[PDB]
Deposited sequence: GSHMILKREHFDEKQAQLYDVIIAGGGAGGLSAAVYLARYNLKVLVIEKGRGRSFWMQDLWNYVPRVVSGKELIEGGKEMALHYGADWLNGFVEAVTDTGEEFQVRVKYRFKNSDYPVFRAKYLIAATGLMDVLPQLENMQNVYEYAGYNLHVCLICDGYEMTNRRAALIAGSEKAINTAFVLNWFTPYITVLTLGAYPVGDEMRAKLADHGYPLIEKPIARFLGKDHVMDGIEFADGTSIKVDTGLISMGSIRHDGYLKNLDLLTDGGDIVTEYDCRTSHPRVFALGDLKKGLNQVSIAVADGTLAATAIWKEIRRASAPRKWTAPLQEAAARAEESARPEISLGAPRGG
């Protein structure tokens, strides 16, 4: 269908068996939905909202136009519907494999939620992940600057950080090593560990050799005006002046609904097809091993949708021109 699913259609759609069900309606999931809808296959996209792409203010490196994250989802959503994809505003809880097909439970609505289950021969895991954010009592203070000039991905915003006073909020001793990659863009790095883990002397000597100050105080407030951060204030009232920052605190994986198996080294392993260890499920974008960009996520959906279309097509009966 070419319409969003509301309360009435659950009885119909639960009986109906989709060719593929897409979990997550972001960059990769929408691309896959558009391709699958364009291949005349039954596809349902399930999007919870407020995803990682939604908080992206400026998509800098996705040709041909610079768009916001909300514009990206809105345009791709519109496109998927236009081509015949079904879209549902819900959260995917779990999946059951019966040998053939998948059974996908979805929490509909935040409170007093319906738990409709949908059927599909294939599944596409395209739920991405969410970046960890420093924790303050007023998170609106963190939100005012996060995603603007307080960055979460080095490749996405490194260009705008060039030769600027930068603060690296590292969530672990390993995460401090991003200073030695961030320094490519700016050597004016201040490493902030938030008083969370003790730093080894090896790394302490390395930061000193490079001249990067190490501040192990907790954070209290981000200082800025009109979404442009200009400083960081610590618990004791003191502060530092920074023109930009990079959060390197790890990522949260939206892989609850995923089954077991599925080999990984922190992220699911996939073939050039984006086919995971399970033959019938494909992993897209940030969930799979590889770059975490919109370009590669969009391409992943193209790869997965085509591999699925080839398998179904090669198993379908030829459509002949029968007598009229």
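According to the record, no C-alpha positions are given for deposited positions 9, 260-261, 328-351, numbered from 1.
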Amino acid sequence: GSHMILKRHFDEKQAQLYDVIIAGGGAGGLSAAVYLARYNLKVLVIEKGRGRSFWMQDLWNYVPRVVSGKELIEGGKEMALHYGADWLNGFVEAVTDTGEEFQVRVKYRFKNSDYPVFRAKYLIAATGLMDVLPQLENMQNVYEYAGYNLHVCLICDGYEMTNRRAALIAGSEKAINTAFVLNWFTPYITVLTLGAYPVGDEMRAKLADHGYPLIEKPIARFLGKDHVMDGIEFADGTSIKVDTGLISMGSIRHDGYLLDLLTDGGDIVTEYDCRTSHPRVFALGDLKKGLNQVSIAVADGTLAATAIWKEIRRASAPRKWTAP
From here on, numbers count along this sequence of modelled residues.
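The stretch with the higher mean CA B factor, choosing between 1-9 and 314-322, is 1-9. The mean Cα B-factor in the deposited entry runs higher for 272-280 than for the other of 33-41 and 272-280.
Of the candidates 250, 218, 213, 76, it is 218 whose Cα B-factor is highest according to the PDB record. In this structure the maximum Cα B-factor among 183, 112, 141, 149 is found at 112.
Per the PDB record, residue ranking by Cα B-factor puts residue 171 in the middle third of the chain. Remark: residue 102 belongs to the highest third of its chain, ranked by C-alpha B-factor as recorded. Ranked by C-alpha B-factor against the other modelled residues of its chain, residue 17 falls in the highest third. In the PDB entry, a CA B factor belonging to the highest third of its chain's modelled residues is recorded for residue 261.
Sorting the modelled residues of the chain by their CA temperature factor places residue 65 in the middle third.
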